[PDB]
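Cβ: placed from backbone, ideal geometry, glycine included. Neighbour counts: every protein chain shown. All of the numbers you see were taken from the coordinates with simple rules; none came from a lab.
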Amino acid sequence: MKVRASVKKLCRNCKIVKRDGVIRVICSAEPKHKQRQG
Amino acid sequence: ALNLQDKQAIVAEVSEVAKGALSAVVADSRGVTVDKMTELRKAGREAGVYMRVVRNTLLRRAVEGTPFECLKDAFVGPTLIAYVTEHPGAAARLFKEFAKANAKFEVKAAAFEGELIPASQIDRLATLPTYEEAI
Amino acid sequence: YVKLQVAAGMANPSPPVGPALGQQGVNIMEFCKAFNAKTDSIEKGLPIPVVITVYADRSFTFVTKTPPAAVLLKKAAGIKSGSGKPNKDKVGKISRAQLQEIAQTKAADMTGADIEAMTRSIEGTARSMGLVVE
Amino acid sequence: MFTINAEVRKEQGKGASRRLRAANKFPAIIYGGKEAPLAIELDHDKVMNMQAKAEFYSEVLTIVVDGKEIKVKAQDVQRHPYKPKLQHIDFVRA
Amino acid sequence: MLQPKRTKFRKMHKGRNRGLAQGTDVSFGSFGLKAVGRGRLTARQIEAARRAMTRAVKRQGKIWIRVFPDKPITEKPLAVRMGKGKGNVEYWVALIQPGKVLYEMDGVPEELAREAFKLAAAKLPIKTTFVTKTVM
RNA sequence: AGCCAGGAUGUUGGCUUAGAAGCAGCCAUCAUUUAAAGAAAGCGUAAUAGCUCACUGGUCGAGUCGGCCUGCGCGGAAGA
Ligand SMILES: [Mg+2]
Ligand SMILES: [Mg+2]
Ligand SMILES: [Mg+2]
Ligand SMILES: [Zn+2]
């Protein structure tokens, strides 16, 4: 999990999703791409 | 994708081929690799038969111009048309041994005489001799 | 199932052929001299592509094809090596005629409906390897 | 052929002109020839879209004011300092 | 790094930075980077941004810099009290008002100019926006 | 959008390299058969193989895509 102020899609399998008021990036291809805004 | 000017042009050309030809054979060709197609193309060019895959919507427009309007219903599912423009048959023949041999796809209905031809009984065209048999 | 490009009346070598299809279950000597046996008719020093076809019992068949376009274009330009920088450095000339010959050989191997199309493909190769058509 | 709908302005000066723009309108002016200048007000979105086509700046346009048609050409334009917006236009009677 | 080669005077009153910008149109290139906010651009900022946009286009096309840092900024160092003379000049800024076209560019496709100007803008302390040439 | 299928031929393009086959790197990026298929978008192999994308036919059946001017919010936000 990368935690930062600026979260983005890093590849075409990244998805932005909001969970519980928090913006996140989930990726089905590359675990390193997974982020939480914070 | 295909602008409207494109598709109009695609229709026009398929229609013009339809006027010159004498025997149309329609078949499914889904699930066949391009090599076996490429092989069928050399067999079409050889045998003077014009081959096209075209959108079923777009074919319905070509057909209606005459006299293939029976074929409408053959345009449900993946469609491959075969226009034997020089000589009749040979395509009807060619497609079936090619159909049988490759156990993929099927073959739908042919059409000669402005009469739809039923999948099974196409054996009529697929046994009509050479022109060039009456001698 | 493996594909090679082997020298006409030559076969067997280890870095060239041996290991390659040898590590698939193929009888080396058999293919060597069968290959040579049928490729005897080829001109000397024409590198010819062969598709080797092996079955579960290690037995095999093969098809011989016409030599590569790059090869015929190398020979037609009288050169040995294509450009290191094709279309930046030019390395020679084949006439439209030579193109056509190569095209008819490779026509035996093309997918072109006409002489012109095949020739255009061969031209495509000739361009790809910094040979000018002259 | 561009057709612009305009009404004559009832006011003038800074206050009136800023109130126009807060109301998604904007001032403009028509001058040239024998007649007196004609202060007008335009719909912003309608003219914004129009002037995004080079033709606007080179064709004879027609402004319609009280069901009268005035033939003009665009002459100068004041744009907002940094937004995609129009502050004012000069038309010269063609 | 930009700097006046010589000046009449070394030092300058703080002054103020009111008003809208002059030079608000793309007057040389095809595209421009325009200030939307107010503030000071230092010579190092202007340089950092010029580099970024110039990497981005692989030194193709052409680039114009419409601003110039001609205002000397002084500072007093640590452990010095107030007064005893005005500080020493340390660096140079350009005063920026809303609307100033900062950089222009042409000879590249719009898509690439927007990217290059995007990279450059990340170096600047004032919000900016992307602009295009206009007939009249 | 999803789902079915295709994604081919010259050819392992030329150079390089022990190998470099779309996929280390450099140059070229044409042409054919095409419904469509890049001298290849990413994974993969010692190099091949193998997966997948671009693209296209089919199915479905009425909406769908994302830039602009704007209102209010969200994260960015740790202290005795
Ligand atoms: Mg939770
Ligand atoms: Mg006032
Ligand atoms: Mg769909
Ligand atoms: Zn990702």
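Enumerate the calculated ³J(HN,Hα) couplings along the range B:113-121 in order (Karplus 6.51 cos²θ - 1.76 cosθ + 1.60, θ = phi - 60°), each rounded to whole Hz, writing x wherever the residue is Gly or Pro.
The phi angles translate into 6, x, 10, 4, 10, x, 2, 4, 6 Hz.
For a label point 7 angstrom out from the Cα of residue D:18 toward its Cβ, which stretches of the range D:70-94 have the backbone nitrogen within less than 17 Å?
D:80-82, D:87-88
Under a point spin-label approximation (7 Å from Cα along Cα-to-Cβ), what is the residue B:12-residue D:10 distance to one decimal in nm?
Result for the modelled spin labels: 5.8 nm.
Tell me which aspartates and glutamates have Cα within less than 18 Å of residue E:127's Cα, excluding those fewer than 8 residues away on the same chain?
Hits, sequence-local ones excluded: E:25, E:47, E:104, E:115.
Output ³J(HN,Hα) for the range C:121-131: one whole-Hz value per residue in order, computed from phi by the Karplus curve 6.51 cos²θ - 1.76 cosθ + 1.60 with θ = phi - 60°, and x for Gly and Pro.
Along the range C:121-131, the couplings run 4, 4, 4, x, 4, 3, 5, 3, 9, x, 7 Hz.
Could you work out, residue by residue across D:71-81, how many beta carbons of other chains sit within 10 Å of that residue's beta carbon, and then give the average as an integer?
Per residue, the number of nearby Cβ atoms from other chains is 3 on average.
Under a point-charge model restricted to the Cβ atoms of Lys and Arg (+1) and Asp and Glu (-1), what is the dipole moment magnitude of the protein assembly as shown relative to its Cα centre, in debye to the nearest 20? Walk me through the numbers on the way to the answer.
Working: 94 positive and 53 negative charges, 1226 e Å.
Around 5880 debye, computed over the protein assembly as shown.
Greater than 28 Å separation of Cα atoms is the criterion. Which listed pairs, E:14/E:133; C:38/C:80; D:46/D:71; C:38/C:106; D:34/D:68, meet it? Numbers along the way, then the final one.
Numbers: E:14/E:133 34 Å; C:38/C:80 26 Å; D:46/D:71 18 Å; C:38/C:106 19 Å; D:34/D:68 17 Å.
Checking Cα-Cα distances, E:14/E:133 exceed 28 Å.
Cross-link candidates for residue B:100: which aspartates and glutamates have Cα within less than 19 Å, leaving aside residues fewer than 8 places away along the same chain?
List returned: B:28, B:35, B:39, B:123.
How would you rank C:63-74, B:99-110, highest first, on the average number of other Cβ atoms within 10 Å across their residues? Each step should come with its number before you reach the end.
Values: C:63-74: 18.5, B:99-110: 15.8.
Going from most to least packed, we get C:63-74, B:99-110.
State, as an integer percentage, the relative contact order of the range B:4-127 based on alpha-carbon contacts under 8 Å between residues 6 or more apart.
36 percent
Strictly over 23 Å apart at the Cα level, which of E:8/E:100; B:19/B:72; D:83/E:118; C:3/C:93; E:8/E:86 would you flag in this model?
Violating the 23 Å Cα-Cα cut-off are E:8/E:100; C:3/C:93.
Take the Cβ-Cβ distance between residue C:134 and residue C:5 as r, set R0 to 25 Å, and report the resulting FRET efficiency rounded to the nearest 0.05.
0.35
With θ set to phi - 60° and the Karplus curve 6.51 cos²θ - 1.76 cosθ + 1.60, what are the ³J(HN,Hα) couplings of the range D:72-81 in order, to the nearest whole Hz, using x for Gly and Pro?
For the range D:72-81, the Karplus-derived couplings read 9, 10, 4, 10, 8, 8, 9, 9, 4, x Hz, x marking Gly and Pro.
Give me the distance in nm between label points sitting 7 Å out from Cα along the Cα-to-Cβ direction at residue A:18 and residue E:119, one decimal.
My value for the distance between the label points is 3.3 nm.
So for the pair residue B:124, residue C:20, with labels modelled 7 Å out along Cα→Cβ, what separation do we get in nm?
Simple spin-label model gives 5.5 nm for this pair.
Within the range E:41-73, whose backbone N sits under 17 Å from a point 7 Å along Cα→Cβ of residue E:10?
Once the point is set 7 Å along Cα→Cβ of residue E:10, E:71-73 turn out to lie under 17 Å by backbone N, inside the range E:41-73.
With angles folded into 0 to 90 degrees, how steeply does helix B:91-102 sit against the dominant principal axis of chain B? Use alpha carbons for both and round to 10.
Orientation of helix B:91-102: about 90 degrees from the principal axis.
Given the rule -39500 (n - 2.57) for each run of at least 4 DSSP H residues, summed and divided by the residues of the protein assembly as shown, what is its mean residue ellipticity at 222 nm, to the nearest 500 deg cm²/dmol?
Using -39500 (n - 2.57) per qualifying helix, the result is -8500 deg cm²/dmol.
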